[PDB]
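For reference, the chain that follows is the form deposited in one PDB entry, supplied as structure tokens.
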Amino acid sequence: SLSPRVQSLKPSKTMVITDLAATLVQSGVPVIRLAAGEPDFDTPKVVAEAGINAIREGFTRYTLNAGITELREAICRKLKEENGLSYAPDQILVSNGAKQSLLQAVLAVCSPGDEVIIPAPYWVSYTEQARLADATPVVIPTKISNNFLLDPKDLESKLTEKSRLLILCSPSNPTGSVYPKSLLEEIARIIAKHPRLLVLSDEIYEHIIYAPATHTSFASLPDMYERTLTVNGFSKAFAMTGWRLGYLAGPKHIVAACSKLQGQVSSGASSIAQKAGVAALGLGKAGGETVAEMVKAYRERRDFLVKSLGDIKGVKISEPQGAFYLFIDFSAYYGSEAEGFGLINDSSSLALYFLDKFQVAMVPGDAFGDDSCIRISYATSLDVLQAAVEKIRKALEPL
């Protein structure tokens, strides 16, 4: 029975709480749902109508494996105009979500035994995708005091003959932290010394930024363009998670190998979702007021939760600059008598205590490589956040 690749990954830390509550264990109790990784917003009607018209017009046959020319051309424009990067259409690979885009990159560029350097807190799939490539993940913890930003000295110390891929997610899930250009520059100098090291830049949350923070894409840095794989998509910016559209832009030989890989995984991505993709790219640069209108809401929501929660004692909060996550340091509360949850010294037990006792579902930082925190998503109505703040405050002072 079953192969080692599947056996080697991985219990999962989400189901015990995140979806087990969204179950008859709700009955008859209601639950807030603060653990979803998707926008509360609908798909833009212009984007949605493009999909409806693609269905009507018969754009329902197989696509080119790499993607339709209009989308790969439109993505290239987006990359020059928004990120200041130059790519041709044969350097673009469109996949059914960015998750596939990231995985195919790892399988294309990593030989067995290669080391993939992953900063923690990390998106869950980065560790598992390296293992599916038979590569060795090397995790570098970071601290909240440094805004969960990688330290360049720590990157220097973990370099090896085997270091092949560095994964940078900015703005990042879960911490919602954003890399400054100067920090990425120190990183870049280091990488240029290493002959084999490549960088996977996860820019899926790019248009969700706030305030003085700026998204500066890695390939724009001096000498990095040839070493960088750029990954972006339509799920987070345009609230298109169900459509499954993502893309990779990078060196042509790497994209060509990723494309040959895709011809065997799933073939090309949805013909319907891709036509919606051109429409989404057609909304404009921000892309337009529609995303801007959404980013104003997240900005408002972020500020309510940073204020309320950061004033409870023993709770640490770094102001996030991007995305819609808050990685909250509920540690210090680890002793806790507390109640039915015995020890309450875990991110998982604590997250269990918020649910299954206070009806607030969150994701333990356990899921992301740092047990000091719990991830709270504020991509929900402002009315539910005040109620969630209300449940957290009653949960925590009884300790």
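The term rigid core refers to the maximal set of C-alpha atoms that superpose within 1.5 Å between the two forms. Don't overthink the numbering: it's just position in the shown sequence, from 1. Residues that one form lacks are left out of the comparison.
Visitor: Name the higher of the two by mean Cα B-factor in the PDB entry, 148-156 versus 102-110.
Guide: Result of the comparison: 148-156.
Visitor: With respect to the recorded C-alpha B factors, which stretch has the higher mean value, 81-89 or 315-323?
Guide: The stretch with the larger mean CA B-factor is 315-323.
Visitor: Just grab whichever of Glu38, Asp42, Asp346, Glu70 has the top CA B-factor as deposited.
Guide: That would be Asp346, according to the entry.
Visitor: Check where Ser163 lands among this chain's C-alpha B-factors and tell me if it's the lowest, middle or highest third.
Guide: According to the entry, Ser163 has a C-alpha B-factor in the chain's middle third.
Visitor: Compared with the other modelled residues in the chain, in which third is the CA B-factor of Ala48?
Guide: CA B-factor rank for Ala48: lowest third.
Visitor: Select lowest, middle or highest to describe the third in which the CA B-factor of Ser201 falls within its chain in this entry.
Guide: Within its chain, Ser201 is a lowest-third residue by C-alpha B-factor, going by the deposited values.
Visitor: Split into thirds by Cα B-factor across the chain's modelled residues, where does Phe341 land: lowest, middle or highest?
Guide: CA B-factor rank for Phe341: highest third.
Visitor: Is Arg131 in the lowest, middle or highest third of its chain when residues are ranked by C-alpha B-factor?
Guide: For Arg131, the deposited C-alpha B-factor lands in the lowest third.
Heads up, the form deposited in another entry isn't pictured, but that's what we're talking about next.
Visitor: Where among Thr69, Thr60, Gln26, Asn53 does the Cα move by 2 Å or more between the shown form and the other one after the core is superposed?
Guide: Among the listed residues, the one whose C-alpha moves by 2 Å or more is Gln26.
Visitor: Shorter or longer C-alpha distance for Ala351 and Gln26 in the other form, given it differs from this form by 3 Å or more?
Guide: Farther is correct, given that in the other form the C-alpha spacing of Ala351 to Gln26 is increased by at least 3 Å.
Visitor: Please check whether, in the other form, the CA atoms of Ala351 and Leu24 lie closer or farther apart than here, given a change of 3 Å or more.
Guide: Closer, not farther.
Visitor: Send over the list of consecutive residue runs, 3+ long, where the C-alpha shift is 2 angstroms or more at every position between the shown form and the other one on a core fit.
Guide: In sequence order, the runs that relocate between the shown form and the other one are 18-20, 22-27.
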